[PDB]
Amino acid sequence: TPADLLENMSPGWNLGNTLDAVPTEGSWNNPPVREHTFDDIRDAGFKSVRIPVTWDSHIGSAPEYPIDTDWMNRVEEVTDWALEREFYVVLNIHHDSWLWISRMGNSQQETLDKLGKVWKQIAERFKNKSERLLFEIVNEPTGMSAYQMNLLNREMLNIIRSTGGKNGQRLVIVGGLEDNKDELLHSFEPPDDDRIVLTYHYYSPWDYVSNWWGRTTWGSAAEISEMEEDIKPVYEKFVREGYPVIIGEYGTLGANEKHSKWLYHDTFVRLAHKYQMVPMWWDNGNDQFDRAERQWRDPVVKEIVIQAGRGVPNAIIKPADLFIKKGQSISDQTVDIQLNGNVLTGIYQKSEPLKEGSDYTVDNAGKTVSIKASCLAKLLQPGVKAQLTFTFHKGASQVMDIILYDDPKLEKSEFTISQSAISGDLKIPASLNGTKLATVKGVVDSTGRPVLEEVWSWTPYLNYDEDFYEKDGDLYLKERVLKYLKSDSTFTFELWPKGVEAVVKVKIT
């Protein structure tokens, strides 16, 4: 049942940008995966792992398309490591989707024949593995009609089932075009098979999860309702008619603001759990778990996923970052808690409890905390001076950073660039003094229009990572942005806390 799949697999995590890298494992930002990484993911409490695999460069010539023996052995080695740790494991065909499977539209007979020969080999090799191994037919398929998609699912499923044995009953994961929710609802037709699982990916709102166009925060009543409105119809059409469902990918993709990130993950994973959908977290190796340091970049959001993935609601504090300016008058500070049914059990500085009464008070409802000013003053150069851990009877703890900040200071605020010597990003050395980068906008000085008008006409706000970023306290404008510059322009780096900014002028010769 869908309930069974949820109990057994929720929550999951993706081994992203690894076996799916191009041309081979280790070609991108992760080295080839080490066995102990699976021990670390198990320590975290994930019940399942998705192992995206890109087969492309390891597939031999027509007509038999033999998969390189060393590659097949490697994929089995990693898959076995995961299975030995009692994970439910999803094995797929990944970036092949746009590398060659998208030739389906223009050359179906040849492409479908090739994919069939590939799936037959994968199915044969993994035929005798535990039922904890699931096959996913193809990641985010594109370049074909909805009819072709349905045909592809049917034909590949038939190939897997025809190998017999344990593959006769193995769960197989199928979706619509682009693993898209709307396609699943409207153009997808379930194969006639009672051992399939449906899938879609979820990354909405795209501009929030990616921090595009200044969308730095998430969590309005409208946004929460829209998220449930995206998910509920898949439950109504499919889950309550008995189809298990896996959300093969979800998560933030560069969004950094802490409260919103925590709220987004708690809300989504709780909705997934509510509607009996298995949520599998996307992590490209730089997003969440640091495999080299063997620690999570944001431990709190991980604990939120682990608890919400088990149907345990998490309490959410606001603010998550408490900004106090150097020199400012220190008053009692209010912390609101969205309890989500939980009860606050204490507030700690590491292992040392704060004293209720003198350090802080709580209202009768237990959801509004006042941190007394003398306590704050004791807790406090700019930077993180303290971390307060809010513990709850159930669910993840919330950690609030106490940050002393001051006005950000730029060594240089005006830069000259020529249109013919542009090569690499523009570095803007800064002393951010405890502040954090939120977003950036760029305006052409003479016209008042967006610097990137040629691509995004409606806004001057830029996109995280592809246009701007912060690194080691310095600010950067990407080469992409510089190439669109025609005359003198002004960039406004908006920081946390809100209202703090740094203005940089760029002169064009």
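With a requirement of 2 or more residues that are within 26 Å of residue 325 (Cα to Cα) and of a type in the set (A, V, I, L, M, F, W, C), the strands (runs of 3 or more DSSP E) lying completely within the stretch 364-482 that satisfy it span 368-371, 383-392, 398-405, 436-444. Any residue in the stretch 325-335 that is surrounded by fewer than 16 Cβ atoms within 10 Å (Cβ to Cβ) and under 25 Å from residue 270 (Cβ atoms)? No, the stretch 325-335 contains no residue that is surrounded by fewer than 16 Cβ atoms within 10 Å (Cβ to Cβ) and under 25 Å from residue 270 (Cβ atoms).
Yes or no, residue by residue, for (1) farther than 15 Å from residue 282 by Cα; (2) part of a strand (DSSP E or B); (3) out of contact with any helix residue (DSSP H, G or I) (no Cβ under 8 Å at 6 or more places or on another chain); (4) of a type in the set (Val, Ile, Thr):
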| residue | (1), (2), (3), (4) |
| --- | --- |
| 3 | yes, no, yes, no |
| 6 | yes, no, no, no |
| 19 | no, no, no, no |
| 34 | yes, no, yes, no |
| 39 | yes, no, yes, no |
| 43 | yes, no, yes, no |
| 49 | no, yes, no, yes |
| 57 | yes, no, yes, no |
| 62 | yes, no, no, no |
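If you go through the stretch 304-333 and keep only what is over 18 Å from residue 256 (Cβ atoms) and under 21 Å from the mean Cα position of the chain (by Cα), you end up with 306, 307, 308, 309, 310, 311, 312, 313, 314, 315. Filtering 225, 204 for residues that are closer than 29 Å to residue 400 by Cβ and part of a helix (DSSP H, G or I) leaves a single hit, 225.
Across the stretch 96-113, the qualifying residues are those that are out of contact with any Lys or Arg (no Cβ under 6 Å at 6 or more places or on another chain) and surrounded by 20 or more Cβ atoms within 10 Å (Cβ to Cβ), and the one among them that is farthest from residue 76 (Cα to Cα) is 104. Pairs linking a residue in the stretch 85-98 that is closer than 15 Å to residue 175 by Cβ to a residue that is among the aliphatic types (A, V, I, L, M), with Cβ atoms under 6 Å and 6 or more positions apart or on different chains, are 90/134; 93/138; 94/53; 97/138. The single condition among (1) out of contact with any helix residue (DSSP H, G or I) (no Cβ under 6 Å at 6 or more places or on another chain); (2) of a type outside the set (A, V, I, L, M); (3) in the same structural domain as residue 318 (by CATH) that residue 431 does not meet is (3). Residues that are among the aromatic types (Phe, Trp, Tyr) and within 18 Å of the chain's Cα centre (by Cα) within the stretch 177-212 comprise 200, 202, 203, 206, 208, 212, listed in sequence order. Against the criterion of being charged (D, E, K, R), under 27 Å from the mean Cα position of the chain (by Cα) and over 26 Å from residue 383 (Cα atoms), residue 488 does not qualify.
Only residues that are surrounded by 13 or more Cβ atoms within 10 Å (Cβ to Cβ) and hydroxyl-bearing (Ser, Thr, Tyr) were counted in the stretch 414-448, giving 3.
Picking from residues in the stretch 270-301 that are outside any loop (DSSP other than H, G, I, E, B) and under 12 Å from the mean Cα position of the chain (by Cα), the one that is farthest from residue 3 (Cα to Cα) is 289.
Restricting attention to the stretch 460-474, the residues being loosely packed, with under 15 Cβ neighbours inside 10 Å and not charged (D, E, K, R) number 1.
We place every Cβ from the backbone using ideal geometry, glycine too, and count neighbours over all the protein chains shown. What is reported rests on the model, the rules as stated and the sources as named; none is laboratory data.
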